[PDB]
Structure formats: structure tokens, C-alpha cells
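Novice: Here it is, the structure in full.
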Amino acid sequence: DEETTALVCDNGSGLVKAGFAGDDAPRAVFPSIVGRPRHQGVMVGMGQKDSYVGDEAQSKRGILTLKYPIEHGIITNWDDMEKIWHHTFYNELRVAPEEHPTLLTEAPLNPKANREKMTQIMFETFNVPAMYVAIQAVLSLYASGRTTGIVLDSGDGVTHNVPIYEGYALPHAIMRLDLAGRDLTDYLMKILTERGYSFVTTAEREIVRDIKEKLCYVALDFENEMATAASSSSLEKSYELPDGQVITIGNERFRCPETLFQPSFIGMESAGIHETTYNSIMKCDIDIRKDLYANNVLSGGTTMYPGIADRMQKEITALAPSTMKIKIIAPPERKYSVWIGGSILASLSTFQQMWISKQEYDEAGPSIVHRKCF
Amino acid sequence: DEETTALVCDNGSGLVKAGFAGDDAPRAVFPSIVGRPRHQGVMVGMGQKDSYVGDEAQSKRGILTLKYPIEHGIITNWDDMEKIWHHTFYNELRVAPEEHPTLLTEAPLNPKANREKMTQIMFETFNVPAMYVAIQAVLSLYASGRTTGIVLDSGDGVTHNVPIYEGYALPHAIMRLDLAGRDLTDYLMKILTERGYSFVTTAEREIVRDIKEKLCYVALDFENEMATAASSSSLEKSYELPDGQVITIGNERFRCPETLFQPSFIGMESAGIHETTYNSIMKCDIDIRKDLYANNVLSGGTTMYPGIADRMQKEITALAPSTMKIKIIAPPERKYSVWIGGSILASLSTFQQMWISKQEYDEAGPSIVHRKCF
Amino acid sequence: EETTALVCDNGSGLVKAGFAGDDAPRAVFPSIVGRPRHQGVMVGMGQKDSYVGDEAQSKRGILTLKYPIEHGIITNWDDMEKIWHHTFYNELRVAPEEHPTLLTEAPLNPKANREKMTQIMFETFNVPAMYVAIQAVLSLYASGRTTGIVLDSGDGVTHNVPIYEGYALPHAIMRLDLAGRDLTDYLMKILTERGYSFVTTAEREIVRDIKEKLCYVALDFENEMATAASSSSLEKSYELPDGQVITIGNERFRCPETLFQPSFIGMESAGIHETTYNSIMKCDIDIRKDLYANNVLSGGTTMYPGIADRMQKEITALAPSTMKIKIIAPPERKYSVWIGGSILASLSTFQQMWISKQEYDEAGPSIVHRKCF
Amino acid sequence: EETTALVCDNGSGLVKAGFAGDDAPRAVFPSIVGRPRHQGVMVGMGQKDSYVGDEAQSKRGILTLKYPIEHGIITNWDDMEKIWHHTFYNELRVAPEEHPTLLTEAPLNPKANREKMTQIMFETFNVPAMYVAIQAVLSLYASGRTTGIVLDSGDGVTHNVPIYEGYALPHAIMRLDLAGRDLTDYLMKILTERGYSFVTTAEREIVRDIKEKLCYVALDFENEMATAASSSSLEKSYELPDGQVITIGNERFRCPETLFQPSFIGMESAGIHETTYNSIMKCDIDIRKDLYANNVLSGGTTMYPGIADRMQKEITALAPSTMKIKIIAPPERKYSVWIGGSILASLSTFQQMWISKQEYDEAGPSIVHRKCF
Ligand SMILES: Nc1ncnc2c1ncn2[C@@H]1O[C@H](COP(=O)(O)OP(=O)(O)O)[C@@H](O)[C@H]1O
Ligand SMILES: Nc1ncnc2c1ncn2[C@@H]1O[C@H](COP(=O)(O)OP(=O)(O)O)[C@@H](O)[C@H]1O
Ligand SMILES: Nc1ncnc2c1ncn2[C@@H]1O[C@H](COP(=O)(O)OP(=O)(O)O)[C@@H](O)[C@H]1O
Ligand SMILES: Nc1ncnc2c1ncn2[C@@H]1O[C@H](COP(=O)(O)OP(=O)(O)O)[C@@H](O)[C@H]1O
Ligand SMILES: [Mg+2]
Ligand SMILES: [Mg+2]
Ligand SMILES: [Mg+2]
Ligand SMILES: [Mg+2]
């Protein structure tokens, strides 16, 4: 109880996590997808809706078109986002937002107008008493109970990096890279055509994504793994499509995740995630690098490939001096790391003074977000 | 016990020595540095201070800025000095100064206002029952148990000279030189850039200082030492930085301490320390010079370079007549020579009458320091 | 050099063959294999059991037409060996033992398609050398250009690929299923609303010939349907082989419109005007200017009247108004791929990239995917 | 005169070359070496494997730009020999066998940087003589002065050095890391807050051109941000090569401000107005009066509008109010170093300090650090 009962929402990109503050796990998880009917629509007395949002669209995806409003972190369809927020407040959580402060998350290095429009909708359409916006990668350090370390948060829209030393951030050592899990699915679709399988419908992008989540893995070494797959056939697995017609996957199993370390497979000029996180460490001060090397933290859904922790260690020690020690912390839960940190933050007694009240918004306007109250 | 238990404090410049009177060694040694946070400061519930003073600033020097209150000996930041004195009385010594007379040190040829402000702070903010101020180089003769001799006290702020003959000082033969250990570190930073190493951050000045304290040494002869280093590579040592990336030092090893004997490397017009101490001897009376030549005393931290005692002897006998004998006394301990003399002085039964009492300060004011009670 | 290299363009539904260094292909004939359907009374006739090529078109009234290539990928390997034998001994009248050959292949195809083609040529026909090239790359050789974006639409598949100063961008290549074969099927379906039925596979040729002579692309679709709804000045007559002339109304300009609106059949992909715009925006920022002014058209299905003006109108509606957009349409389009192949197989610098018999024996059929494509 | 000495200014990001005794450099081109990135289809093109100079700028859409020099020090010695070959045979069209050359070097640089430059010129190119001079010393020759303090800020490093009546003070020389290259990177970061992304190394040239045309220095920073917050009269438009014009607001005057407030990136050093004040106070007491009234500006990165008035305002806030302070800004600033080099290499008294081939053979590469600098 306590009559405060703050709310936590993690918009993300492609997955929505919602729940109450002070719990252990989110109470509602569902994709952020809005669908529209495509075909003629014969017969009568059915009483069927004109748009489906959430898990309902996944069930009926065979006749309707999937569309994603949020992309690369920035929201592009504001009319669709108000539909998703209405679904996770009245239909799933079954709560009235009039007496419930909410907490939201935002990726680093985003357009300023993205934050301002979110504040207008919550404070006017939903009439929340208070609200807040926090960086996703900062909350990931609250979950682990740490104060020092470098966090690599890779999700579906964008992966970013930020170092923190004893509760102080370094804004000039923050790196952002577009490569994410959405671009990995598209690459898998392209290289699957070389075996004879065609997946072009937007409703068939979910079929390819499910294959990636179950079969793909990261190889420790790329040159000699392609040699073993070229001769023997012990690296093949079978997948059953919904209508049947089972398929076989060969060396494409470990080729799609490799794009993270070699982003030249799509055509980008940036370096891999192992070199991006090394440049951030070398951008900080000299005497704080030692504690940053031994406190590498992994978070995000796209980081749960098997063998990704061992591959990252091998590449990092090849660049760093051989004297020091390097370790990577990978908690058993990674997808909900951001939400857990948000629940912890919204329960401290010292945090109850940094809420953005309704009175402040009326006097100052939507520009109050960029002030000392972030 | 004895319920008197006088206190001894040596402010210095860059190092603070504190302890009780009648002991063998100081009980508290820590740098005189005050630091301020530099970066944004994300996170909550940390409860972190706004300023760190002493050994705490050295540990966290990677995010904060180091600042020194005393320069060339005189105090420039009076607000910061009250912070250091509070740290060495309640936090480190763990004592109440209300029932503890204190003894302080001061360099020769200093502004008059420097002494007056020190008396005001101790007698009003801390409410000491008594206090005293003594010259640093006079106390260095108490430690050695001598009465005659010339003392060259070189520290971090300023080096000075003063001759004493059988308990009588000669104020007109006192020489003060600007060069000290702080200017030696800056010269090492400049000549290190010719090999490819850059050290510009104020927190990186501690890295360069530690190299000087471990590798540098004084060469007996400068012309032929540069010839051996030019051909062979047997004069090089390696240093490991905190993050790794070991470095190599060549002929810069013996070039930085040479500035003491040749102050033209920075641009000063004054003579070296070997000629400054010779002019002081020739400024005294004719028949007392014989005892001054054979009683040369070395004190201070910056005088603990290897080979500095033999180099000083070689240059001095080149100027003095060849008939007489010249020797230099270098005790195994040199950094604590001033503190040891202060402890001895504050324990004699005949010294208990020259304390500056609270009653005298109230009646006369801060100008009582310049009277017969120094 | 006395090489006299050979050039062959398999395509899908039309075969172009000839010698290297000439101006036009020497043999053009459909790729169709037919089988008798009826009883077969009478004696002393001495009639064959299968007809391939132009022979099947003449006798299509008693036999069934079958296509071995669908959307580009070969599905009947036994029938393809029959077609290749026809274009080497019966039409070209040549012995392939002393004649290097050049073949074409569409982008984004199964890997096994290339490997099986190499096995047949190097073993059944015993060619001394062979090569495989992309169809849309050869279309730029014919025009004598080095920069530009090529939209090659044929009978099986239309594809797009940008090239800038002799460098390709493999990540900006788009492939679309829609082609000329799906346009004929749509015409058959909408012809039933007037009373005409065309269901036999030998009657698909009747509908195709109507499309090649009457259909055209309209500049605007909304107001063209208004003029056809009121007046009857947009109707033409076609005479069937046995007579019974027919009339075509607004179906004349409705079948080609499927290219710009692929929702008429049920596909979710965008039209050819939006597919080629996405490819341009997928490249680098400073090379887009030269790509806008060097749009090249090739392929048989691109020879609809008014298709060049319609493409220009839609493209400038999306691109910024500052720059200029033009489309290059050579007077010959069906033979653009073959002409580029003849030019490539004659340069002195190309004589080193042939896949020799010695290399195939040592390495095997996997040599195609190596540096020698 | 058969001597015809050569002058070369390597710099960092721009190369100035020409003959001695002229008015302006004859060849100016960026110091960039590019490598192809993509597949490279097509044949008969005959295209090179690396482009250096202005050629790489034209074709930057398919290749990667790389800079050999960084912060004054040369990091890629294999690439530098390619640039020097380009400015001697391809652009200047001269044979260096009978042409003494003059080179420039920044203060407080690694000793090995000077030695390697002497080896390449005296062995690979076989010059009869050569010399190396400090960049900021040559800037005083152009103005025809003898006393003054020179602040030379370029693309790699800004440095300061006071000179009084032909005598230098080596102990009052300050070197700062901040330069024009770090200003471009800051502009890229703060441009993302409006929605524009510039991440490709070929897109760093787009951002640099915006800085050279729109950015300016504001006299006061606190009240300028107030006017830009309310009105929209401080916005200008820029047209990208493909179109899609953009708008710049208060970022117009925020990027150059980093010079006076280097805490925007994270550096702890003071601004250029306080660095030049500390150098003056490091000299002797009676020579400061002539140094205050002879402040000289040189370098490309000093040609921001309003930079001369802003520097004056901050300097007089620290110096005593009795004396007068002025800043000399010649109409030409980018070529100030080259002009001084041409003047020096023409005096009759300078013809004795050349480093001859005979001296190098007898002494070796260490002759550079001797009395003949
Ligand atoms: N077990 C797994 N293996 C590989 N990838 C996964 C796995 N589980 C999820 N993913 C990928 O992670 C993405 C989800 O990331 P998520 O944590 O939801 O980020 P966000 O909250 O920003 O959407 C999906 O696109 C999916 O492709
Ligand atoms: N072993 C050593 N060799 C050379 N220099 C030293 C050594 N130890 C200390 N120093 C120098 O001496 C200085 C400390 O002098 P110190 O005795 O503390 O004088 P003060 O008490 O006036 O600060 C330091 O700056 C350091 O550079
Ligand atoms: N004049 C024309 N107008 C419209 N369509 C045509 C015309 N001529 C040919 N076509 C179409 O083009 C197709 C032939 O394309 P073609 O160039 O042979 O491609 P491929 O070589 O891949 O078979 C035929 O199916 C036909 O429908
Ligand atoms: N008009 C201008 N306004 C602002 N900056 C400029 C202008 N012209 C040139 N610059 C900057 O000056 C730099 C060139 O400096 P330059 O004189 O070439 O030094 P160097 O010779 O050491 O390369 C470029 O990086 C550019 O950003
Ligand atoms: Mg996330
Ligand atoms: Mg001392
Ligand atoms: Mg074709
Ligand atoms: Mg320059």
C-alpha cells in the first residue's frame, strides 16, 4: 500500500515492460506493435475492431500488417504511441493513472523534442501527478548493486556505452552505435535466400526472428569455425515452420551474430562492439582505467547470445596491456535489468524530492525537463 | 602524561607533519591537498561529500582537481588552510586543542601579515591556551645536538640558508632562493615531452613526481656523463604507469636534479646552491669561517637525492682555500629533522616561559608576535 | 585470337544466343518444351515424342507447354539439357568443344543454381572455358557508361543495383517477385468480367500477344478511369486465330498499372517507383546526385508506351525539388543484356578471368564462388 | 639565379607549397590518402588502388579518408612519402635534385620527428640542402616586425611564444592540445540533438564546411543565449549535396566558444585568453609593456568573425588598466607562415645556415639538433 505506489514503464523498442514499484519482476510484457486489417472483410455480425495493439496483433498477424512506432530510440508515430500507452494502463495493468506517479526511460544522445513531447502527453492526456525520465544505462547499475563500472546496453533499437566511476558520469566518453538486434534479423533474412527460402512479408519477419532467438550463437573464432562447417555436417539444426516444411541451418547459424564484431557485413564503417568499448575506456582519465577494466557489465536482450561473454574477453585483452586483469559481469537475468534498477530507484526515501510535479509544469512548461530536474 | 602535552605541527608546503611533544617520530603525515569534484555526478543514495582533504583526495584524484593552499611557503588560500588544520586536529590526531599548546614553523624572510593571520586563527577559532612560532632552519640544529654550523634547508617551497656560531645568528648572512622541489617536477614534465609522453592534468602531476622520487639521481660530473649516456644504453630504467604502458628514462634521469646547481635551465639568473652557500660563509666574520666550513648540515626532503653529498663537497673545495678541510653532515633521516628539533625544544624546562599566553594576546593584539616573544 | 567466344542469355521464356563480337543475336526462340496430349491415330507419320523451341509454338494446339525456369531459378534440370542441346547443334550449328561460353545469372539466387550449371557445361558439353555474370551489370556495358542505377525487369524477376564509377554496392540491391509473367495472369482474370474464358495453357499465348500489342501505361490513373467510363474512344479490337473479334476497354491500361500498385494481386511490397527510391537513399549521401541523373531502363517488360514519363513523375514527387532527374531509355531494350555480354567477351583484359578446365578438375564445382565468379 | 629554393608547409590537414621569392603558394591541397572500400565490379576501367590529395575529395563517397599527421607528430610514415611525392612531381612539376627545401615544425615535439624527416629528404629525394624552422617564428617575418607575442592556432595544435627584439624566451612557451580538429568533432556531437546524424569519415567533411561558413564568435555568452532562446533571428540554412536543407540555431556560436571554455569537452586547461596572459607574466617585468601592444594573430582557426574583439575584452580584464592593449590581425592569416618562409629563404645572410649533403654524411641524422637547427 502506502498510497504512493509509483509506476515504472520501460518503452524500449519492440518490447514493453510495465509494473509497480517495489516488486521483483514486471507484471506486463508484450510487444509494441499496432496492426491494421489488409483484406476485404466479408460476412456480418462479427463486430470486429479496426486496429489491434499488443499481443492481440501477434495472434491475428496473418491478415493484418505489423507496424513499429518507435525506431532507433526516437518515436516516429505519435498517434500510435498514445494507443500503446492506453493499452498498458487500462487493459493490462488495470489502473487509473490519476493517482500514480510514473517513471520513464530514454536513450542517450537523442533529439531534444523527443523528451518534451513525452511530458506533454502524460501531464495533459493522462493527468499524472508526477513523472520522471532517466537514462536506461544508468538504471542498469542500480540492479547489480554497484557504483563503479562501464555498462554496454545493447537492445533492439540502439546500443550505447557510458562509464561511471564512484557515482560520477563522464558525458564525453559516451559512444552510440545504431547496430542493434533489428538489423541482425534483416541480415538473416538476406542470407537465408541463398539456400532457397524466401521471407518478404512483414508478418514473416516474426518467423525469422524466432529462428534467431533459438538457434544462433557466437563462435569463439571465425576463421577455423568456417573450416569445420565446410567439411562436416555436425553443426546443423532443424526448425519447423508453423505449417510444416522443416528447414535446415548450416553456417548461417553463427554468421548473423558475427555482424556485431564485424559491422562491415552490412556496409557500416564503424568498428565492432569490442573496439568501441575499448575507445571509451581510453577516453577517460589515466588512473581510473584500472577499475573500469575489471567492472565491465552486460545488459540488454541482444547480449544473451551463447558464448558472447567469452568472445568479448578474448578481444579485449588483445588490446589492453597484459599486466592487468579483465573480467565481464553477466547476470543470469539481462532483459529485465533496466526495469529492476528503475524499481529500486523509485523506492528510496531520498528520491521523493526530484519528482516533476504538476505545479512546476504549469508554471514553467514542457521545457522544465531539461532543467536541473531531468 | 604531565597534563601539559604540547603539540608540534609542521605545515611545510605539500606535506604536513603532526604529533606530540616528547616522542620520536610524527604520528600523522599526509599531503596538504584539497580537492573538488569536476564531473556531473549521476546516481542517488551515495551520500558523497563536496570536498576531500588529505589522503582521501589522493585516492579519488581521478575525478577531482588537486589544489595547494601554500605556495613558496606563504599561504594564499586562507579558507582552505582552516580546512586542513581542522583535519589534523579532530580526524587524525583525535585531540581537543582547548588544553594543548601548539608550536608552528615559519620560513625566513616572509611577509609580516603571514605571521599575524596565523595567530588570529589559532587563538580565536581553536582557542589554544598558548602558541609559538619558530624558524625551520633553527630547529634543524637542535636535532643534531649541535651549536655551531651552517644549515641548508631545501624543501618543496623554498630553500634558505642561515649560519649560526655558538648560539648566535647572523641575520645579514641569510640567503633565500626560489628554486625548490616543485620547480624540479615541472621541468621534468617539460623535458619528458621530447620522448613522446604528455602529462598535462593536475592529477597527472603526481605521476611525474613519483618518477622523480624513485629514478632521478645527481651525477658527479655533467660533461662526461652525457657522453656515456649518448653511446651506451646502460643508464636506462623502466617505470610502470598505473594502467600499464611502461616507459623508459634515459639521460633525463640525471638532468632534472642538475637544475639545482645550474638554475639557468629554467631562466633564473641566480647562482646554484653551491655558490649561494659559499657567499654566505664569506659574508660572516673572518675568524669564524673555519668552524663554519667543517660544520655544513643538510636537511629537507629535496636533499635526499643519491650522490648529492659528494657533488656538494667537490664544488665547495674548488672555491675555498686548499689549506682547510670541508665536510658535510647528512643524517640518515632528513625529512623529519625539523620536527625532531621542534619536539626537543618544546620539552625543556627553560622554554616554559616564552609561550605566548591568551592573556597577552587579548591585551596587546595580533602584533604581539613581532615583539621579544617571537 | 581465333577464340570465337559464345554468348548465351537463358533468361526466362526467351533464349538469346550468338557469337561474340557481333551486333545482334543470331538465334532467338522461346524456352518451351511440349509433350503430346491426345491419342495419336495413323501410321507412317514418324512423329517425335517432344518438341522444343519454335516447333512447339506451331503445334501448340495438341500439346502442353511447360516452362523450365520460374522467376529465374531452374526447376526442371532434365528439360534444360534439352534446350541447351537445341541452341548448340540445331540452331547455331556449332561444336561446343572449341568455343568458350558466357552465361548470365540474376542477383540473390540459390547457391546450388550456379554449381549445377557449371557441372553440365564442363562434363556433358566439354567446353574449354566458361563464365557467369550478373545480368544488370552487363546492361551498363551496352550504354558505354560507368555510373548509374539499372532497373532490369524481364519475365521472371525485376532487380535493382546501383553502380558508381565501377564500384557496386551489394547492400543496396533490391529484388522483386513481380514480373511480366504475373501481368499476363492478371489480364486473364480480369478478362472474364467481359465474357471471355482463357484457361488452357496453350491459350496463355493468346492472352500474352494481346498484352504486347494493346496495353499501355497511363500518366494518371484516377482521371483516366473517368474518361473511359463515359466515352468509348479508348477501345481497340483484336482478332482471334479462328475469328470472333473481341473488344478491350479500360482493361487496356489496368494490367500494366500493377507494377506501380502491387496490391492488385495481394503482394505487400511497394511499386517499382518506390523500390528504386529506397535503393538510392540506401547509398552514401554525396553519391546520390550522380545516381539521380543516370537512371537506366532495360528489359522486355519495360517497353510499355508511356512508362518513361510515368516513372519520372513519381520519382520527382519524392526527391528534393532542387536537383534534376532523367531516365535513359535506349531504342533497343530487349537485347541490352546480350550486347553488353558481347562487348565484355572481346576485351583483351578479360582473357585472364576465364574458368579453365584445369581449374575445375583440381577444385571442383565450388570454384564458381571463388574470386573467379 | 639557378638557386630557386623551395618552401613547403606540411601543417596538418592542408599542404602549402611553392617557390621562394614569390607572393603566394602555387599549390594548396588537403593532406589525405584514401583507399577503396567496396567490391569493385566492371573491367577495362584501369582504376588506381589509392588516391592522394584533391583526387580523394572528389571520389570520397566510395573510399575512406585517413590523415597521416596528428597533433603535429607524424604517425604514418609510409603515407607521408606518398604525399611528398605528389607535391614534387605531380603538382609543382619539379626535380628536387637541384632545389634546396625549407620545412616547418611545431614547438615541443618528439626529437625523433625531426630526425626521420632529414633521412627521407637526404636519401629518398637527394636534396642538396634543407632546413627546419619553427612555424611561429616565421609568422613574425611576414609582418615585418621584431617584437611581439604570436598565437598560432591551426588544425593540429595551438602554441604561444614571445619574442623581444630578436630574442626568444624558451621558458615562456605554452602548447595547447585544442585545435580546429576538436572543434569539428564537438559540432558533430551537438548536431545530434536536432536530429542530424553524421558518423561516416567522409561525412566529417560535410560538417567541417558548415563550420567554415556559419559559425562565429559571440562577444558575450550569457546574454546571447537569452536572445536566441526567444527570437528566431539567429538561424541560417545550409543545403546538403543531395538536398534536405537544415537549420542551425544556437549551435552557430557554441562550437567556437570551446576555445575560451575548454571544459565543454573535458579538458582541465584554461582558455586561449588566459594561456596568453600567463606567458606574458612569465617574462621579465620591464619587457611586458611592449608585449601587450604587439599581440599577433596567425593560423586558419583564428579567422572566426568577431574573434579579435572578444580576445581584447578578456585580456584587458586581467591586465592593469593603465596600459594599452591591441591585437594585430592581418587580412591574410592562413598563408602568414608561408610568406615568412619565403622571405627568410631569400636573404643573403641566410645562405650560410643550410644543412649541406656533406655535413649529413659525416655527422648523420643527429646534425639537426646541433647549432644548425
Ligand atoms: N535468447 C535470445 N538470443 C538472442 N537474441 C535475443 C534473445 N532474446 C531476445 N533477443 C533479442 O533481443 C531483442 C529484445 O531486446 P529488448 O531487451 O526488448 O530491448 P528493448 O527493451 O529496447 O526492446 C529482440 O529483438 C530479440 O531479437
Ligand atoms: N627520495 C627522494 N628523492 C628525491 N626527492 C624527494 C624524495 N623524497 C621527497 N622528495 C621531494 O621532497 C619534497 C618534500 O619536501 P618536504 O620535506 O615535505 O618539505 P615541506 O615539509 O616544506 O613540504 C617533495 O616535493 C619531493 O619531491
Ligand atoms: N512490346 C512489348 N510490350 C509489353 N511487354 C512486352 C513487349 N515485348 C515483350 N514484352 C514482355 O517481355 C517479356 C520478355 O522479357 P525478356 O526480355 O525475354 O526477359 P527474359 O530474357 O528474362 O525472358 C515477355 O513475357 C513479354 O510479356
Ligand atoms: N573561414 C574560416 N572560419 C573558421 N575556421 C576556418 C576557416 N578557414 C579555415 N578554418 C579552419 O582552419 C583549419 C586549417 O588550418 P591551417 O591554416 O590549414 O593549419 P595547418 O596548416 O596546420 O593545417 C581547418 O581545419 C578549418 O577548420
Ligand atoms: Mg532496453
Ligand atoms: Mg620543510
Ligand atoms: Mg532478361
Ligand atoms: Mg599552420
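Following Swiss-Prot, chain D shows residues 5-377, kept in their order.
If you're wondering, the header gives electron microscopy, 3.1 Å.
The backbone N, Cα and C atoms fix where each Cβ goes, and this holds for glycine too.
According to Swiss-Prot, the protein carries these features:
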- D:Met46: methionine (R)-sulfoxide (MOD_RES)
- D:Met49: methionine (R)-sulfoxide (MOD_RES)
- D:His75: tele-methylhistidine (MOD_RES)
- D:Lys86: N6-methyllysine (MOD_RES)
Novice: Between D:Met46 (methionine (R)-sulfoxide) and D:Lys86 (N6-methyllysine), find the distance joining the two CA atoms and give it rounded to the nearest Å.
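Specialist: Pair distance, Cα basis, whole Å: 27 Å.
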Novice: Between the Cα atoms of D:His75 (tele-methylhistidine) and D:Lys86 (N6-methyllysine), what distance do you get, rounded to the nearest Å?
Specialist: 20
Novice: Let me know the DSSP-derived helix, strand or coil state of D:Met49 (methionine (R)-sulfoxide), please.
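Specialist: In the DSSP reduction, D:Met49 (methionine (R)-sulfoxide) maps to coil.
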Novice: Compile a sequence-ordered list of residues in the same chain as the residue listed as 'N6-methyllysine', six or more apart from it, whose Cβ lies below 8 A from its Cβ; state 'none' when nothing qualifies.
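Specialist: Non-local contacts for the residue listed as 'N6-methyllysine': D:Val37, D:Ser54, D:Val56.
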Novice: Is the residue listed as 'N6-methyllysine' helix, strand or coil when read with DSSP?
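Specialist: For the residue listed as 'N6-methyllysine' - judged by DSSP and reduced to three states - the answer is helix.
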Novice: Of D:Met46, D:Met49, which of the modified residues has the most Cβ neighbours inside 10 Å?
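Specialist: Of D:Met46, D:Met49, the one with the most crowded Cβ is D:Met46.
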Novice: With every protein chain in view, how many other Cβ atoms are within 10 Å of the Cβ of the residue listed as 'tele-methylhistidine'?
Specialist: 17
Novice: Can you list which of the modified residues D:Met49, D:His75, D:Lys86 come closer than 8 Å to chain C, going by CB to CB distance?
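Specialist: Listed in sequence order, the modified residues near chain C are D:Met49.
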Novice: Where does D:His75 (tele-methylhistidine) sit by DSSP, helix, strand or coil?
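Specialist: For D:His75 (tele-methylhistidine) - judged by DSSP and reduced to three states - the answer is coil.
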Novice: Among the modified residues D:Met46, D:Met49, D:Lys86, state which ones have a Cβ less than 8 Å from a Cβ of chain B, giving them in sequence order; state 'none' otherwise.
Specialist: none
